[PDB]
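Per-entry structural report
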Amino acid sequence: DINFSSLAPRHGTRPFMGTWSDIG
Amino acid sequence: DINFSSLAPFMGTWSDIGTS
Amino acid sequence: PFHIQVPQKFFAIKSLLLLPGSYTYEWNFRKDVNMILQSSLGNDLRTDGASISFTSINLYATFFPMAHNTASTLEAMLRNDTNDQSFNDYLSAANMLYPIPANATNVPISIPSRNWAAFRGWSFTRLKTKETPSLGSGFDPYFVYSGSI
Amino acid sequence: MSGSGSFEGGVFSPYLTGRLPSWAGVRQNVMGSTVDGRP
Amino acid sequence: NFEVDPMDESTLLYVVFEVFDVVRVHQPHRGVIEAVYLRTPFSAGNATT
Amino acid sequence: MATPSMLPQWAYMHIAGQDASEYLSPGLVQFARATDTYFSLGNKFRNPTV
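Calculation notes
Residues numbered from 1 in each chain as written, not as in the entry; some residues may be left out. Chains lettered and ligands numbered in written order. Part of a larger assembly, values for the part shown. Heavy atoms only, no water. Helix = DSSP H or I, 4+ residues; strand = E, 2+ residues; numbered from the N terminus. Buried < 20%, exposed > 50% of the residue type's maximum accessible area, 1.4 Å probe, protein only. Areas by Shrake-Rupley, 256 points an atom, 1.4 Å probe, with all protein chains shown as cover. 1 Å grid on protein atoms, 1.4 Å probe; cavity = no way out; pocket = protein on both sides within 12 Å on 5 of 7 lines; lining within 4 Å. Points joined across faces, edges and corners; volume = space filled by probe spheres on them. Nonpolar A, V, L, I, M, F, W, Y, C, P; charged D, E, K, R; others polar. Core = buried A, V, L, I, M, F, W, Y, C linked by side-chain atoms within 4.5 Å. Contact = heavy atoms within 4.5 Å. Buried area = accessible area lost by both parts, 1.4 Å probe. Salt bridge = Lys/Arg side-chain N within 4 Å of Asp/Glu carboxyl O. Polar contact = N/O pair within 3.5 Å; in protein donor to acceptor, adjacent residues only side chain to side chain. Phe/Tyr/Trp six-rings, centres within 6.5 Å; stacked < 30°, edge-to-face > 60°. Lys NZ or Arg CZ within 6 Å of the ring centre and 35° of its normal.

- In the PDB header, cryo-EM is given as the technique by which the entry was determined, and 3.07 Å as its resolution.

Pasting the structure below:
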């Protein structure tokens, strides 16, 4: 299997009141 | 209509404690 | 006269994120017309009047317009040594082209002892030769090919 | 003669095994320099 | 009762009645296969099975 | 060859380490989720598989 793998076990967590999940 | 339904039930492709 | 946009295909800087600072970027280009053109009969284009000249090569880098406060937070994280980026070649490979003589049937292979720790399959195919040179200098004016490589 | 049983052999004329060397100098004994190309 | 266009090419009758047809097999021991699904039920009397 | 010595350097080059969301700082993992829709970082980091 000639292939790649990337950061994927974490997802777009956004609400239906903001397209951006904040950062502290 | 039509029928016939069947149903199936961290990194590294396996790890389990499945025994009788 | 032509105008073309040519991407970076090298598997370490084609998807890299590059932080603030000044860098020196250079990449060299090939003006051999048997390596940058293709032919439909595979006829040599250096026994024909094909030629090329380059006048002006620009670099166009397209910047995402960060908010400044968010930008510096992003930079600080990726200046930590635990958040180092990491890439792999898609065809992660080592290429060895063993010669097959004309009308040969059998092709032995000699590989001196190596570690085979973290090895994956062999993959192989048969090429075709006798014309054009190999990568490293991309010229040799006794050319004889120009078709699909 | 050569053999008809005694080991697990095989016949071909020039023995070669190598790999890929780089850069120019791949052709000699071919029609001369042309540079930007002419028939 | 059905009605169809006249055709004089010879015909007889086809209908498909959809039903469950679940077959399931158990294996209890090495080299024993056993099927449990009575298909075409009924069987009572004493003459021809 | 010898006794193992390639294993710590496969946890460094991510040939057999841990998950990307697990070797990165939780601040950068929070950032990468928050901005996913318009400035994907996902492809910059190897995830191992074995």
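With respect to the overall build of chain E
- Scanning chain E from N- to C-terminus turns up 0 helices and 2 strands.
- Its C-alpha atoms put chain E at 60 × 30 × 20 Å along the principal axes.
- The proportion of buried residues among the 49 residues of chain E is 0%.
- Carbon and sulfur atoms form 57% of the exposed surface of chain E, whose accessible area is close to 6,000 Å².

Examining the layout of surface pockets
- Taken as a whole, the second largest pocket holds about 220 Å³ of empty space.
- Along its surface, the second largest pocket is lined by C:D81, C:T82, C:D84, C:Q85, C:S86, F:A11, F:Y12, F:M13, F:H14 and F:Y23.
- By residue class, the composition of the lining of the second largest pocket is 4 nonpolar, 4 polar and 2 charged.

Structural notes on the nonpolar core
- Core analysis: the biggest nonpolar cluster contains 16 residues, and A:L7, C:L74, C:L78, F:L24, F:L28, F:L41 and F:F45 have the highest contact counts within it.
- Elements supplying a minimum of two residues to this core: α1 (68-77) of chain C together with α1 (20-23) and α2 (26-34) of chain F.
- Here the element with the most residues in this core is α2(F); it accounts for 4 residues.
- Each residue touching F:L28, except ones within four places of it in the same chain, is listed here: C:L74, C:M77, C:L78, C:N83, F:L41 and F:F45.

Side note on the interface of chain C and chain A
- Each side of the interface is counted separately: chain C has 6 residues, and chain A has 6 residues.
- Buried surface at the junction of chain C and chain A, summed over both partners, amounts to about 590 Å²; 56% is from carbon and sulfur atoms.
- It is C:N88, C:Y90 and C:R120 in chain C that bury the most area against chain A; as a group they hold 68% of the surface buried on that side.
- Run the count over chain C and chain A and you get 0 salt bridges.
- Across the chain C-chain A interface, the total number found is 3 residue pairs in polar contact.
- Looking at the side of chain C that touches chain A residue by residue, the classes come out as 3 nonpolar, 1 polar and 2 charged.

Considerations on the interface of chain D and chain C
- Taken together, the contact between chain D and chain C spans 26 residues of the former and 29 residues of the latter.
- In total, about 2,200 Å² of surface goes out of reach between chain D and chain C, with carbon and sulfur atoms giving 60% of it.
- Across the contact surface, chain D and chain C share 1 salt bridge.
- With a shortest N-O distance of 3.1 Å, C:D140 and D:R27 are connected by a salt bridge.
- Counting every contact that joins chain D to chain C gives 10 residue pairs in polar contact.
- For the side of chain D that touches chain C, the class distribution of residues is 14 nonpolar, 8 polar and 4 charged.

Quick word on the pattern of salt bridges
- Under the counting rule described, the total for this entry stands at 4 salt bridges over all chains.
- One salt bridge in this structure joins C:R79 and C:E75, with 3.2 Å as the shortest N-O distance.

Section: α2(F)
- Every buried residue of α2(F) is accounted for by F:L28, F:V29, F:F31, F:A32, F:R33 and F:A34.
- On its buried side, α2(F) packs onto α1 of chain C together with α1 of chain F.

Description of the packing of aromatic side chains
- Following the criterion strictly, the structure yields 7 aromatic pairs over all chains and no others.
- Here C:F64 and F:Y38 contribute two aromatic rings whose centre-to-centre distance is 6.0 Å and whose plane-to-plane angle is 10°, an arrangement assigned as stacked. Pair noted here: C:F64 is in the segment before α1 and F:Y38 is in the segment after α2, and the two residues belong to different chains.
- Judged by its relative accessible area of 35%, C:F64 is partly exposed.
- Ring plane angle 40° and centroid distance 4.6 Å describe the contact between C:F64 and F:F39, whose orientation is recorded as tilted. Taken together, the residues span two chains, with C:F64 in the segment before α1 and F:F39 in the segment after α2.
- A connected cluster of aromatic rings, assembled from ring pairs, spans C:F64, F:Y38 and F:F39.
- Directly above the ring of A:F16 sits A:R14, whose terminal nitrogen or CZ lies 3.8 Å from the centroid.
- Geometry around C:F11 places C:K14 over its ring, the cationic atom sitting 5.3 Å from the centre.

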